[PDB]
Amino acid sequence: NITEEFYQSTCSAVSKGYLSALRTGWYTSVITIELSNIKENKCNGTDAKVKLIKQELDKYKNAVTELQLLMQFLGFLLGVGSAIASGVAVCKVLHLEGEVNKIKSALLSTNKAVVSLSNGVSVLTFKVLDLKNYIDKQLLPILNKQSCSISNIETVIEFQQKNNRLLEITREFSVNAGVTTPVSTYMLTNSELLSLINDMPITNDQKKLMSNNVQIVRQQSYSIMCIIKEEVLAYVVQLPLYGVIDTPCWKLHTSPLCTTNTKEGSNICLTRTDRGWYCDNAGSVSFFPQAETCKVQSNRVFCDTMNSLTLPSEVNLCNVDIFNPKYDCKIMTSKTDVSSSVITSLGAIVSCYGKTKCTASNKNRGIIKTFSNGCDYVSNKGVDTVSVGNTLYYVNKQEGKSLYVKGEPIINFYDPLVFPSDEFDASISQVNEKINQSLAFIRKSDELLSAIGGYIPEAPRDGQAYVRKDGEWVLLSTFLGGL
Amino acid sequence: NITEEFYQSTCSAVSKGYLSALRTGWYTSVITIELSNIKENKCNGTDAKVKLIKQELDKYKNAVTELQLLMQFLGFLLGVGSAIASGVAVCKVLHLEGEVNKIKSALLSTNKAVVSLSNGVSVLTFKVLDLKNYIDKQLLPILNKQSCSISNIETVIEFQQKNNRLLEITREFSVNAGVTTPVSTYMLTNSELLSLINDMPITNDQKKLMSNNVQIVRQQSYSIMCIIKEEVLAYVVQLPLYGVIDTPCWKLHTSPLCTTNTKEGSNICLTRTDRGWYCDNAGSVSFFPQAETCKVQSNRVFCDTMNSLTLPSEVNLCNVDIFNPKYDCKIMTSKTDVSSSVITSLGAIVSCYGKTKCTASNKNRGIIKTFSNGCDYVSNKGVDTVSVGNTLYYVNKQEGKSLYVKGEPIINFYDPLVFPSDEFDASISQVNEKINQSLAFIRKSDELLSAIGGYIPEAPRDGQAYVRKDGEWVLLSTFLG
Amino acid sequence: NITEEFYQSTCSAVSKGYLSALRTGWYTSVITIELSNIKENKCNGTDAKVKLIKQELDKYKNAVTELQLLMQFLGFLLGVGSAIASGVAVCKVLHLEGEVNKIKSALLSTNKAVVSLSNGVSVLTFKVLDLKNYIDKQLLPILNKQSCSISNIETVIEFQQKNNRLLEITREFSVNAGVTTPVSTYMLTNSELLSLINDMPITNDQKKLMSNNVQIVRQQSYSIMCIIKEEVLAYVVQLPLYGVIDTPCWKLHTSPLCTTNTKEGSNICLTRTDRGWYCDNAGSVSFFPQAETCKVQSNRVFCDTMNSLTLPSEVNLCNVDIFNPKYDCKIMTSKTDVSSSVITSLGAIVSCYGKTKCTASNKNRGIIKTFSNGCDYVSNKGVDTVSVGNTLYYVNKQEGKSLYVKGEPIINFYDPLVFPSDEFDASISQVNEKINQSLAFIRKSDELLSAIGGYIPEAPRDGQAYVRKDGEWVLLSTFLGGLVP
Amino acid sequence: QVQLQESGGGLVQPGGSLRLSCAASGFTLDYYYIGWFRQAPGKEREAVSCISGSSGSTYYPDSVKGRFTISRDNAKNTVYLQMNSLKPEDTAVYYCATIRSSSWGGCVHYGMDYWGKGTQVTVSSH
Amino acid sequence: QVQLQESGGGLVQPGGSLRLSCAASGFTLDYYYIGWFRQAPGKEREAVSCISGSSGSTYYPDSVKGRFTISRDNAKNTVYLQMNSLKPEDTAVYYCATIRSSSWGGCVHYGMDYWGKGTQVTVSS
Amino acid sequence: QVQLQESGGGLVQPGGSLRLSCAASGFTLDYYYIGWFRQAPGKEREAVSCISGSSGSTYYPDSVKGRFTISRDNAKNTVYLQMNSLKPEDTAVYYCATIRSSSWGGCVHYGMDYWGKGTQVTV
Ligand SMILES: *[C@@H]1O[C@H](CO)[C@@H](O)[C@H](O)[C@H]1NC(C)=O
Ligand SMILES: *[C@@H]1O[C@H](CO)[C@@H](O)[C@H](O)[C@H]1NC(C)=O
Ligand SMILES: *[C@@H]1O[C@H](CO)[C@@H](O)[C@H](O)[C@H]1NC(C)=O
């Protein structure tokens, strides 16, 4: 039930019918790998199977040592966060004395456990791989003595399989300075993540949302390498919390609106800058100016509140009446009449100017529409591609109804002679403010030059008195008797 | 053949001699992996080899389930596309009833086939891996009976090799939400891609270009996880179509041009904003403002028309005459005279201002030139590094001749008192327009201000007659006695 | 030791106590893999072990063939470099005739060697993998005769392990067009890198810094696939040189400072635009406007001078006196009073405007402060989260003392009637200049309107003389009664 | 403006049932999450039940899941926690708490913005 | 302005030859790709030959390669499809089509911008 | 402005010791790296010793490490290279060079910005 409306008056279009999924918080889980404490591997063995074990054992030791060294348009209006502040904070606590022992003790009889940390935060802990048990019960009995009890080749292979996850986790961290995103399937398998979500302190709706979109969850998660101590390897996995679900969302697309005068460079342009994703949220509207930070899955849209502004709901009025007195709609101005297209949810906006060839075509018919100069729109029904200049655009083929809202392009309401065309970070009122100032100094200064010629100039400065007669200054003596 | 020209007058430089390779369209292919449909794994066996087979077999099953969950400066002037809209459309058609059977039947007797989809689009289809055949002809004998025929260790290794491609493909998609780019060699091996290109409905010129530059082709391609149904794993690979090849390209480099007065608050600056890649294309010029979106291979430049503007060929004029009447060259203005350098194809532009130390050095000789304030240039012949302030730049060592085109820096042609320095998205005509407007407003206002002292004011209102003498009002009473 | 200062007067905050690590140069090393020259794989074999080798041997040949085909806010003020220009130049030299032979002869009896190139450049060389020796001395007996003297699996496994690295290097290069970053552990293991660093021509302090932060070194490195010729695979690894270490660094955080009038369209705003990292460097200050190009490890900050401006040290004055006469502090102006927060090193700046609900909470207590309109700050001491509108921010919990420097917000010093609100790329002096001009035109125009409203119109145009009395023109004759006699 | 008022606390016998009420005033539920928390003597305060103001979706920790149920009455603007088959270990002070869904960060005591003053529940037998 | 006009259709005996012509008016060739397509009765329409206006590079499907050749005469502004050794299966209506190279998306009927009305060719005993 | 002046060169017998001095004028040391280089007859020029102006940290290639030591005297604005247990193969022209730490690119002859004219040592 996705629909779209194009507003001819402002060269913009709104796509609606979307449902929200906003990351509002963070959950920090602690993932642990139980390690084996294996110094020297004393053996003069030169049996191939034992030989393989010594090379693989070295990869295990190397991985541990390596991990040890490690631990010793309007987007510019957005604030600045610290993405892993919560995860790092939990990791800092884990370095405190006794802390690892709590976790290690907790996961003694289960692989999954809730542990309250010393600062009171209750985190879920997960032992996802027990290399300690495997090496001490499989490998350790054979490497016990110099004389080395040779393992079948099939046992050796099994060690490569179990150890491989450790090598890959270490590999990822080594080239990412201990912080990776998205969280790979080495860090956390699907079953592990799914069970994490199930055991999470969240509502059933959230559990349902996260389990059905684990791939998005991975992209919005961080893995933070934290500590290796007392045969415990632990990294914090920071998972997104989605506290806002199923509120209406809409995406605003905008494109330049210019005049179409014959003389090149005599044209003025205007573009709505407030494009991006919008979601109703708690009586206000969450606005994501950089729509590329949001990911759409069917009709569900995943965003991060870290990338939003919180706006009055009156911001929507810019869609119905851009000159409304209640919200000052943001725009940019220019004289740069270049041609382009914006592909929307259910069609395409075309800004065709100058000598550019701009067309829309169908699969079987070929070119079916040639755009005239100006800002226009076509729906994706019966249209497959759009070409503006040398750029071909394939349109989106999703089902849904479009509405073309007619109206005079508002750029026609401006006098090009007082139009501030070089405003980049502007708005409706600011442009008005400047137009009013240029117009004021032209009314008044021209008002003033008129009626200056209406005033009388100075009389002669020769120490003689003058009176006014017939539009000239005449000597006072003239009208006396010499007296 | 690469050459370069520096324009002293506008603090900019053009590198030419490049050949185009523009992605103009998209081709969608369907890549398939034939899967085995294996429920329970019947064996009470506790042999290491069958155990290995059972742990590895579980990895195969897990991958399927995981994949199953999966399918349920002037850049701001650019338009906005839907990069995988065409690929997604083909994937959507594949979900339609009867559709997979069409593909599956088509690839019955060959691994390569053209298949017409229900909407008439003919796509190339590729069965790249048959895991169904492998498990049913290799492992079915050991896994499908109580009494379990329980082989040697070389089979365990062997299963891992065939299964590994599936695991890696699955691995990639899980962390990219079903859409990956560049297309890895797991998605599509080198041989597979080359034969795909060979079987593609394109010209020989295109075939030659794509085959000789597969590493670029991969970066401009998309892999779209699409469907798992009826033992078929299928992903759509969206490949670039290069409809423009071997047209001239040139790269415009620009840097800030400022006045150099001693008083720091007295300088004004201007920078050409139209830097980026330019290619002749169909009587017009394709302009790519974000040059990082283009990849250069020797003298071949790969770009995407999705990242371009289409400009009149008169746009070239900004290079020879920035005040030319046929095209309005784009610029920005400021009073921010900070120092920097732009490394070009064949040399280096240095914008050195204020008290900054700016030099150029040679490998063996050391510092060989100290730059004075202003905008200047050096070719890469005999120059190895440039230092501006605390920033060291290594220059490109490619061969080619440079031409230094002298001319007075145009910022000197402007009167700083009416120069608009808070223009961010501007151009030559707009700046000229405001100066004309600022000049209009001081002429008119001074015309007005001149009319202060010459006109006569009111005389006192004290019921006495006044006459005018020596520029002020005097009592008439004064003169009658 | 980390401290922070918040300046209420300018809605900004400086975090200091950091130490520099700046990449100032590049070192180019040459990493080589010695290859086997194996044409046809002569075998009638249908034995499982030899079969594994042919699929694996094919992976080796394919990789070689594949690699062969391969080689056939104020950031906008920054310059533009060529990141791998030095590496490519060294790679270019390796393509010159005779050049590869120099390297190849050098590395026969040792894995590490210094080689001078024809252009005089002396590079460190590393044989990291010898596949030539392995295939030609081990599997060569089964592969060079039709008649094939078979192979066993423990040898097969060993071969898979050794060959795998070649496949991954090729893989990485295949999807990165021969240039990768960060440099992975397939390209260069941790030990390999460490010994490379130790043998590098740099001082000991630098060796220590790089060794304790090898993970950072990797991210600032490039691997450049260079050449395959005469059974030698060589790629250039371009490593960062850190020529500036242990100089003081500080991070400037800024946020919009606006007036707080009730009417939403009546407010004016100001923001310091010069936010980013600052480091003392060689008597000047290196300024990194895009602080995301720097990576922080505890109190050490790694940056790249390629992403900096070089500024006079007087730039620091904008922190102590933003109206100082010695440096023109950069700002932007607008009327867009939207609410946001900047999470600093040791707290949070909150710009809360209009009707937005803005709060700070503690872990156990819940909401503990509601911010009033304006620009404000809270330290991370006793505060865990901040909420501005619908956006929740977690604060950084690092230890350190904050100082709140009180002062009247300077946005109050501007008269909104002459305030230039559409300045994006502006500064204090530029704004001052325009205000002086607007004030100038109001002095003059009011003087003009005054003097004009002061002037009298023309007197009647009849054969009669007029004098001025009581604000009108009066006949001269009126006042002459009495001159006779 | 914002207030929370728990009621319904009292002495219950083991195996008995009890209903608590939480009256919200000063804000709208739709935009918030409502939680029940408890603190037994000497122990850290722990979550018991969360509900979404909008969807009505609920969260019960493992310890009380099955025994405790949370509900909302839109007409009365009140949130209820029904407790069945009470055990002496359930003796605690029960707190009502809430957080804006915009700021939602889990059903945890450290993830709440407003707190009631509590109501005492005791499961015992003289 | 833009028009395409095919001619040269007729009845041919098997093994015989026929040349079709497509006259372009209203645009220039250099900027375009020119294609020949055919649709036999009841069957979906399929590509036969493409040529680059600029380079003259050509594309022939496997089915006609060797038998069909496409050429262009810049002086006469016309594109030709020469058909040799005609087979009854080649009986179809042959269409001329073109697309700007800027918008090029392959030699496919859905990737063309302008179409002629066609000319019928029949290969019969 | 910037100048370098080496001194202390002369004829030495094998096993003897010699100290060279390099006077800097026109710049300050603190902002720079100071290096000692040598070029023996017919041979390419090679690094010998670097020091940090700021930290005083030093670098010695393997061939002379232990025998050669570099030090700096801030009061005299001069950098010294002490050479112990000299061998005839050390016969070379010894050059003083420097580079700004901002432009630092290793203790390599292609990585220096200013060069003295040298002083000859013969063993
Ligand atoms: C501009 O002036 C007009 C009167 O001509 C007035 O109606 C309008 O409100 C003014 N707008 C602004 C933004 O000052
Ligand atoms: C500026 O004014 C001059 C005359 O003073 C005129 O010749 C020129 O065309 C004008 N240019 C613009 C861009 O207004
Ligand atoms: C503005 O004017 C005042 C006095 O008129 C002067 O002191 C100040 O320096 C001027 N500043 C600028 C930037 O013109």
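Residues numbered from 1 in each chain as written, not as in the entry; some residues may be left out. Chains lettered and ligands numbered in written order. Heavy atoms only, no water.

Per the PDB record, the structure was determined using X-ray crystallography to 3.3000 Å resolution.

1. Regarding the sheet that holds strand β17 (residues 347-352) of chain B
Residue and element names in this part refer to chain B. Taken together, three strands build an open sheet; the order of strands is β16-β17-β20 and the sheet is antiparallel. At either margin of the open sheet sits one strand with a lone partner, and together these are β16 (340-343) and β20 (374-379). Pairs of neighbouring strands in the sheet enclose a mean axial angle of 15 degrees, with direction left out of account. With six bridges joining them, β17 and β20 adopt antiparallel strand pairing. Note on β20: the bridge partner recorded for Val-350 is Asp-376. (Pairing = 2+ DSSP bridges. Helix = DSSP H or I, 4+ residues; strand = E, 2+ residues; numbered from the N terminus. Axes fitted to C-alpha atoms, helices over the stretch in contact; angles between N-to-C directions.)

2. A short note on the site of ligand 2
Around ligand 2 sit B:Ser429, B:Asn432, B:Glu433 and B:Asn436, and that is every residue in its neighbourhood. Looking at the shell around ligand 2, its residues break down into no nonpolar, three polar and one charged. (Near = heavy atom within 4 Å. Nonpolar A, V, L, I, M, F, W, Y, C, P; charged D, E, K, R; others polar.)

3. Some points on the site of ligand 3
All names here are of chain C. Close to ligand 3 lie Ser-429, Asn-432, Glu-433 and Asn-436, which account for all nearby residues. In this structure, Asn-436 approaches ligand 3 through a side-chain N or O atom, which is 2.3 Å from an oxygen atom. Bound to the protein, ligand 3 loses 33% of the 370 Å² it would expose on its own. Tallied by class, the residues present in the shell around ligand 3 amount to no nonpolar, three polar and one charged. (Polar contact = N/O pair within 3.5 Å; in protein donor to acceptor, adjacent residues only side chain to side chain. Areas by Shrake-Rupley, 256 points an atom, 1.4 Å probe, with all protein chains shown as cover.)

4. So, the interface of chain B and chain A
Contacts between the two partners involve 66 residues from chain B and, on the opposite side, 64 residues from chain A. Where chain B abuts chain A, roughly 5600 Å² becomes buried across the two surfaces, and 57% of that area is made up of carbon and sulfur atoms. Three residues, B:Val175, B:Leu448 and B:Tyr455, lead the burial of chain B against chain A; their summed loss comes to 10% of the area buried on that side. Joining chain B to chain A, the criterion identifies six salt bridges. Where B:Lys49 meets A:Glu154, a salt bridge forms, and the shortest distance between an N and an O atom there is 2.9 Å. The interface formed by chain B and chain A holds 24 residue pairs in polar contact in total. Elements with a minimum of two residues in the side of chain B that touches chain A: β2 (12-34), α1 (48-71), α2 (85-94), α5 (154-174), β11 (284-288), β14 (309-311), α10 (428-449) and β25 (466-469) of chain B. Looking at the side of chain B that touches chain A element by element, the count peaks at ten residues for α1(B). Considered class by class, the residues forming the side of chain B that touches chain A number 27 nonpolar, 20 polar and 19 charged. (Contact = heavy atoms within 4.5 Å. Buried area = accessible area lost by both parts, 1.4 Å probe. Salt bridge = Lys/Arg side-chain N within 4 Å of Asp/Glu carboxyl O.)

5. Re the packing of helix α5 (residues 153-174) of chain A against α1(B)
Packing of α5(A) against α1(B) brings their axes to within 9 Å, and their N-to-C directions diverge by 25 degrees. When the axis of α5(A) is compared with that of α1(B), the two are roughly parallel. The handedness of the crossing between α5(A) and α1(B) comes out as left-handed. Residues A:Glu154, A:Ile157, A:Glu158 and A:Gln161 of α5(A) form the contact with α1(B), whose participating residues are B:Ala48, B:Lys49, B:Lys51, B:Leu52, B:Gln55, B:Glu56 and B:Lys59. Among the residues forming the contact of α5(A) with α1(B), the class breakdown is three nonpolar, two polar and six charged. (Parallel < 35°, antiparallel > 145°, perpendicular 65-115°, else oblique. Left-handed = near helix turned anticlockwise from the far one by under 90°.)

6. Observations concerning the interface of chain A and chain C
A common way to report how large an interface is uses the accessible area buried once the components associate. Facing the 66 residues of chain A at the interface are 63 residues of chain C. Interface area for chain A against chain C, summed over the two sides, is near 5300 Å², with a carbon-plus-sulfur share of 58%. Ranking the residues of chain A by area buried against chain C places A:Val175, A:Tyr455 and A:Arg468 at the top, with a combined share of 10%. For the pair chain A and chain C, the interface holds five salt bridges. The partner of A:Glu433 in a salt bridge is C:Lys335, and the shortest N-O contact between them spans 2.8 Å. Counting every contact that joins chain A to chain C gives 20 residue pairs in polar contact.

7. Details of the packing of aromatic side chains
For the coordinates displayed, the defined rule picks out 64 aromatic pairs over all chains. Each ring, one from A:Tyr134 and one from A:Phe159, has its centre 6.1 Å from the other, and the planes form 15 degrees; the classification is stacked. Remark: A:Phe159 occurs in helix α5 and A:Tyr134 occurs in helix α4 (residues 131-143); sequence separation between them is 25 residues. Assigned by exposure class, A:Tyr134 and A:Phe159 land together as buried. Relative to B:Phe302, the ring of B:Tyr242 lies with its centre 5.9 Å away and its plane at 80 degrees, an arrangement referred to as edge-to-face. (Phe/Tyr/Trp six-rings, centres within 6.5 Å; stacked < 30°, edge-to-face > 60°. Buried < 20%, exposed > 50% of the residue type's maximum accessible area, 1.4 Å probe, protein only.)

8. Some remarks on the packing of α1(B) against helix α4 (residues 131-143) of chain B
Residue and element names in this part refer to chain B. At a minimum axis distance of 13 Å, the contact between α1 and α4 shows a crossing angle of 150 degrees. Comparing their axes, α4 and α1 come out roughly antiparallel. For the crossing formed where α1 meets α4, the hand is left-handed. Residues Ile-53, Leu-57 and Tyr-60 of α1 form the contact with α4, whose own contacting residues are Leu-131, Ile-135, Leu-139, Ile-142 and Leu-143. Considering only residue class, the contact of α1 with α4 consists of eight nonpolar, no polar and no charged.

9. Examining α4(A)
Residues and elements named next belong to chain A. Its 13 residues give α4 an end-to-end C-alpha distance of only 16 Å, which falls more than 12% under 18 Å, the value for a rise of 1.5 Å per residue. Its axis deflected by about 35 degrees at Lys-137, α4 carries its strongest bend there, up to four residues before the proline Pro-141. Those residues of α4 that sit buried are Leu-131, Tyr-134, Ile-135, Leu-139, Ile-142 and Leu-143. If you follow the buried residues of α4, they end up packed against β3 (25-34), α1 (48-71), β5 (122-130) and α5. Its side-chain oxygen 3.3 Å from the backbone nitrogen of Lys-132, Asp-130 forms the N-cap of α4. (Expected span 1.5 Å × (residues − 1). Bend = angle between axes of the 7 residues up to and from the residue.)

10. Some remarks on the side chain of B:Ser174
All names here are of chain B. Note on placement: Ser-174 falls in helix α5. For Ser-174, the side chain forms a polar contact with the side chain of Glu-66, separated by 3.4 Å. Here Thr-170 takes part through its backbone oxygen, which lies 3.1 Å from a polar atom of the side chain of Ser-174.

11. Regarding the state of the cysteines
Taken as a whole and assessed by the stated rule, the structure comprises 30 disulfides over all chains. The partner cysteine of A:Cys91 in its disulfide is A:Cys226, sulfur to sulfur 2.0 Å. On the sign convention where negative is left-handed, the bridge of A:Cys91 and A:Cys226, at about 115 degrees about the S-S bond, is right-handed. Of this pair, A:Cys91 sits in helix α2 (residues 85-94) while A:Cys226 sits in strand β7 (residues 222-229), and the two are 135 residues apart along the sequence. With relative accessibility at 2%, the residue A:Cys226 sits in the buried group. The disulfide partner of C:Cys352 is C:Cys358, and the gap between their sulfur atoms is 2.0 Å. Between C:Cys352 and C:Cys358, the S-S torsion sits near 85 degrees, and that sign places the bridge as right-handed. (Disulfide = S-S within 2.5 Å.)

12. Description of the pattern of salt bridges
Opposite charge on two side chains lets them pair, provided their charged atoms get close. Inspection of the entire model under this criterion finds 86 salt bridges over all chains. Ionic pairing is found between C:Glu458 and A:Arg468, a salt bridge with its closest N-O pair at 2.8 Å. You can see C:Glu458 sitting in the loop between α10 (428-452) and β25 (466-469) and its partner A:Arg468 sitting in strand β27 (residues 466-469), one on each of two chains. Looking at A:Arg468, the relative accessible area reads 2%, which means it is buried. B:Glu99 is the salt-bridge partner of B:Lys102, the closest N and O atoms lying 2.8 Å from each other. Of the two residues, B:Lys102 and B:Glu99 both sit in helix α3 (residues 99-106), three residues apart, roughly one turn of that helix. Here the salt bridges share partners, and the residues they tie into one network are D:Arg38, D:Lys43, D:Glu46, D:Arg67 and D:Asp90.

13. Structural notes on the nonpolar core
By size, the foremost hydrophobic cluster in this structure holds 210 residues, and its most contacted members are A:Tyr235, B:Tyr235 and C:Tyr235. Of all the elements, α1(A) adds the most residues to this core, at nine residues. The next biggest cluster of nonpolar side chains, apart from the first, holds 102 residues, and it includes A:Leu77, A:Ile411, B:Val14 and B:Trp250. (Core = buried A, V, L, I, M, F, W, Y, C linked by side-chain atoms within 4.5 Å.)

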